[PDB]
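J.: I'd like to ask some things about the structure below.
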Amino acid sequence: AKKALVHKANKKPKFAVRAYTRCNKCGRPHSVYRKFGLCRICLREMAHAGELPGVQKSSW
Amino acid sequence: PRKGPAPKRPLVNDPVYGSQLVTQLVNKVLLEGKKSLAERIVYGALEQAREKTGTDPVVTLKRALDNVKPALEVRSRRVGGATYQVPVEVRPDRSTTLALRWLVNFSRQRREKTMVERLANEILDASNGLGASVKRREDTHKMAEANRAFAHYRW
Amino acid sequence: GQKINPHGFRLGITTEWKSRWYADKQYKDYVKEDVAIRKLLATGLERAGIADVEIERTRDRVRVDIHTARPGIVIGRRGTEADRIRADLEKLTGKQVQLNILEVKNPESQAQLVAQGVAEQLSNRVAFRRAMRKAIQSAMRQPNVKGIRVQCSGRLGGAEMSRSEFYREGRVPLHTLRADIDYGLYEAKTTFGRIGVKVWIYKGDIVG
Amino acid sequence: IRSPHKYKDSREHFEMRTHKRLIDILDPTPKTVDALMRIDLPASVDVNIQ
RNA sequence: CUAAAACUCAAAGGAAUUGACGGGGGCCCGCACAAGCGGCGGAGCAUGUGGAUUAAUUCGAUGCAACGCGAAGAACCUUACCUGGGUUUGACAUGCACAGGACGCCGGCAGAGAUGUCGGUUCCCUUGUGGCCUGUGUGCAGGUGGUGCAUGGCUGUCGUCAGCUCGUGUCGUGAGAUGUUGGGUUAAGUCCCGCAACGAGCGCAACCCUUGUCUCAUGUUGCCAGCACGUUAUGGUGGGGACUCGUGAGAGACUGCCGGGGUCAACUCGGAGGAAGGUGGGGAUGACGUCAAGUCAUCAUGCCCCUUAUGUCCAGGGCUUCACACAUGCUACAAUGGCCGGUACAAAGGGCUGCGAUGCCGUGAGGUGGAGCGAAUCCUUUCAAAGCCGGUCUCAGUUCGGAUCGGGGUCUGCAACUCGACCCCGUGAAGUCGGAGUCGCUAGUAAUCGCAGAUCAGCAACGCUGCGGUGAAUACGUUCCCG
RNA sequence: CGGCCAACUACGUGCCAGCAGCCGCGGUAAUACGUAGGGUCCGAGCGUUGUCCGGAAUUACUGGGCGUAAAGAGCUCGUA
């Protein structure tokens, strides 16, 4: 998203419900995993890069 | 089926009557994925035939099968924009499968409101030739010796 | 989109992880700190090629392993720039770090460094084919390597048309899990835009 | 989802596995308690005490 | 019939070679057809799209390969759109002075909010000035603004189809050919036989994961036979690795042996043993290339345009508008059924400001309150439904079906009218198994029945990703359709 | 001072100004345009134009061809 939107998401809301995830690395509000804080695209990229301690290709 | 013929499944014998016919029938009548209902339905039909006709269910079932078993069928093959209904003889397995299919198919168009006596009634009719599937059996035979005009292709 | 990342394909068979630690409650904070420090390291120093950046973190103790081509640019005799990196991390507040910087004994056999060299030579407005010739020759000079494939995609030669060109030598069996295949991707900045360089280096198999 | 902006039928599966064991020590000789906290372990391993 | 010139071009031609293409052939495969089972198109409802309206109905996707797609969650936020009020080196960074010891916090009033004004709190160096920001600029920051026919990265499709090449030799004046063509077989350029070819790489296969058997090690929160203590509340408790299970190591399937076809060949058919027999079942893995295929709205980026603005804050509204059309699903149109009561068996996963139990109060969503758990213990009830048993209904727009509609409520959220879910009562519309056409599937498969998870305060989820329960019919054969 | 054919760098202009005997060079990196350095070939000369022979076995006597590249009359009889 835009820089202003990213900062306004980082800003303290005056209401409890006005908060959303807003993935840290890129700023994409859709499809954000709360376990990692990374969106699906960045999750895939870092999982393939081996930079997340424990994630790996799933096969069964 | 392009490479070669498919393998044939084994048939488990029945523990109550000892004939593969009843297990084949319960497999054919099975619907929606409930065996127990299926064998209870077919066994109820067998018992009602038992109490009605006064003879054994196996012998009358086999007699009905013979009365419904066909010998010739019709196969449609197209050439030059025209489809021809060639008559072809039938392997015994296909004959039995068609007989059971016809019985169960005409088991479901009745008005007498529950499956068990529907099956029993048609078993009795097919034993006596009074059924509806039998009508289609002599119909198929009628077109078997009626559509003899297309046999030199041999396909 | 056809091939998956060879490094990620063998993340539990041949290759190892890049960052190692354990956390449940502060997993998100740890990963965000990792991405922040990795972005800082990637942005800051570029004249010296960085082969790898690994992070270790337990309790207050942290240590960063920076594998680079030559550490002299990254560490002067007076150690101004090493302490500069230390202080840059300190402003980021990664607490204390046992900062370790290591040089590589075979800069010609590292896919990332070869990709960086090809990218910089393309930035020098050199013909791409000559750069791939020299890169392949230099890489195959080293004995232990057994194959190399080098590909570049983009607006090669300044033309207004996409082009992807690949040159290979030896064996590069990507479809084998027990093959030590080093994969290197890098980007070349040119006047007309972007160029992508990918290098596969196959150096024997591994048996456990 | 493998692709950005569409192609839902192509997807990638990921796993996260954690292995856990227990070691229970009976008759805690004080030397064992003295030397236990001094043991240094790999960063990939987390141990807690009860 | 004989037969020129001005002018003009730098070629026009002949044979053969490698690809590509054909509205040219021939073989071989694939749920392609055929043989079967169950559906869509007919009704109501949920989503998405086309079209039409307005202030916008934000943008992208558009035969196969878009149409339960980006979106794994639109009341404000989200949100990029419309109306209206602010703001300008700005919602967010860095450099210079002109000037500094204040910015920064908690309340009051005004105001829909943004925002404006008063009240209390003010810097660590150490005099060089910096850690901080207060106004003017100075450099500018900011663009979900355009070009995926300038791009990187990522992805789809043919398609897990079987192809793509090289070294030495030989053959041609040469581009080049051969191998890689022919016969057979195979899931396959898998292998065999012959032949100027002999061998080898990337693709196939194997290495990785999971399920099916056994052996060894192994006992907590798991198992609990033989033992004691407990008796209706249960391995519940002391206790044993005996049985599971949990998780580490290993063995076992290799056409291994026999018989028949076989070119003494690949391979094929049957048998013996074995838990499994012919790559045992299934995953991850997608070669060379085609589509200027999709994405400047994940990110980055060449060029172009605004910069007191297309940047930025806020209040309300829209993406849920509807005379229609299309696609994917759910519920049905009932007796192989509905309602009432009894009755027992699965797996996996989740849980910190979360799972939340016993009791209490309702009829029911639910209110009280907090045991036990950062978790093989505590919660998902000892975990389900279909099943089986007993009663009734005796065939109708029905004791089917639930749409639509009136009234009274519960929960979360500052706030459920446009626009959340759930509860109780009442009315009970269409719908009687569906035209031309058309879709999926070859064994634990089709057909079904229930459970969990991601996103999430609440859900529009009948979607998606997984698990488990019960479990069939048929394949004669390539004539025809498709790739 | 591209290759034929001995001899290369910098600045200015960018499909404009211009070069060129054949194929061809100039749209921001020109050894091909113009000017400077440097070089080469000649040298009281150096280049261009016009004409003829050669290279042209391209009218082939020495010394060529006519199945498909241009070339066998539609076929016979017969006079010099």
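Residue numbers start at 1 in each chain; chains themselves are named A, B, ... in the order of the structure tokens; ligands are numbered from 1 in the order shown.
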Excluding same-chain residues fewer than 4 positions from residue 35 of chain F, what lies within 12 Å of it counting only C-alpha atoms (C1' of nucleotides), as an MDAnalysis selection string?
T.: chainID F and resid 10:13
J.: Once you have the residues from the selection above, write them out as a PDB file, in the first residue's frame, restricted to C-alpha atoms (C1' of nucleotides).
T.:
ATOM      1  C1'   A F  10      38.920  12.883 -29.279  1.00  0.00           C
ATOM      2  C1'   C F  11      35.302  16.851 -29.890  1.00  0.00           C
ATOM      3  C1'   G F  12      30.601  18.989 -32.643  1.00  0.00           C
ATOM      4  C1'   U F  13      25.992  17.275 -35.196  1.00  0.00           C
TER       5        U F  13
END
J.: Give me the residues near segment 34-47 of chain A as a PyMOL selection string, where near means some atom within 10 Å (using only C-alpha atoms (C1' of nucleotides)) and where sequence neighbours in that chain fewer than 6 positions away do not count.
T.: (chain A and resi 21-28+53-57) or (chain C and resi 5+8+11+17-18+24-32+35) or (chain D and resi 1-4+12-15) or (chain E and resi 72+154+298-299+454-455)
J.: Wanna dump the chain C-chain D contacts at 12 Å for me, each residue with its shortest atom pair and the distance in Å to one decimal, counting only C-alpha atoms, ordered by chain and number, as CSV?
T.:
residue,atom,partner,partner_atom,distance
C:1,CA,D:3,CA,8.9
C:2,CA,D:2,CA,11.2
C:3,CA,D:2,CA,12.0
C:4,CA,D:2,CA,10.5
C:8,CA,D:14,CA,11.3
C:9,CA,D:14,CA,11.8
C:11,CA,D:14,CA,11.9
C:12,CA,D:15,CA,11.6
C:17,CA,D:44,CA,10.8
C:19,CA,D:44,CA,9.7
C:20,CA,D:44,CA,5.9
C:21,CA,D:44,CA,4.9
C:22,CA,D:44,CA,5.8
C:23,CA,D:46,CA,8.5
C:24,CA,D:46,CA,10.6
C:55,CA,D:43,CA,10.6
C:56,CA,D:43,CA,7.1
C:57,CA,D:43,CA,7.1
C:58,CA,D:43,CA,6.2
C:59,CA,D:43,CA,9.7
C:61,CA,D:43,CA,10.3
C:62,CA,D:43,CA,10.3
C:63,CA,D:43,CA,11.0
J.: Pick out the residues sitting within 12 Å of residue 8 of chain A, and hand them over as a PyMOL selection string; count only C-alpha atoms (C1' of nucleotides), and ignore anything fewer than 2 positions along from it in its own chain.
T.: (chain A and resi 1-6+10-14+18-22+27) or (chain E and resi 77-78+91-92+312-313)
J.: Restrict the calculation to only C-alpha atoms (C1' of nucleotides), then for each residue of chain E with any atom at most 10 Å from an atom of chain D give the closest atom pair and their distance in Å to one decimal, rows by chain and rising residue number, as a Markdown table.
T.:
| residue | atom | partner | partner_atom | distance |
| --- | --- | --- | --- | --- |
| E:60 | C1' | D:5 | CA | 8.3 |
| E:61 | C1' | D:6 | CA | 7.7 |
| E:65 | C1' | D:7 | CA | 9.6 |
| E:66 | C1' | D:6 | CA | 9.7 |
| E:69 | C1' | D:6 | CA | 5.8 |
| E:70 | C1' | D:5 | CA | 4.4 |
| E:154 | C1' | D:3 | CA | 6.3 |
| E:155 | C1' | D:3 | CA | 4.5 |
| E:156 | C1' | D:7 | CA | 6.7 |
| E:220 | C1' | D:22 | CA | 7.6 |
| E:247 | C1' | D:19 | CA | 9.3 |
| E:284 | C1' | D:13 | CA | 9.5 |
| E:294 | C1' | D:5 | CA | 7.9 |
| E:295 | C1' | D:5 | CA | 6.1 |
| E:297 | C1' | D:5 | CA | 9.5 |
| E:298 | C1' | D:4 | CA | 7.2 |
| E:464 | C1' | D:8 | CA | 9.7 |
| E:465 | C1' | D:13 | CA | 9.5 |
J.: If you run DSSP on the backbone here, which positions in segment 34-111 of chain B get strand (DSSP E)? Please write them as a ChimeraX atom specification.
T.: /B:72-79,82-89
J.: Please identify every residue of chain E that has at least one atom no more than 12 Å from any atom of chain C, counting only C-alpha atoms (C1' of nucleotides), and report them as a PyMOL selection string.
T.: chain E and resi 131+148-157+159+166+200-209+284-288+292-294+300-303+352+374
J.: Could you name the residues that touch residue 33 of chain F at 10 Å or less, counting only C-alpha atoms (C1' of nucleotides), but leaving out those on the same chain fewer than 2 positions away, as a PyMOL selection string?
T.: chain F and resi 13+17-19+25-26+30
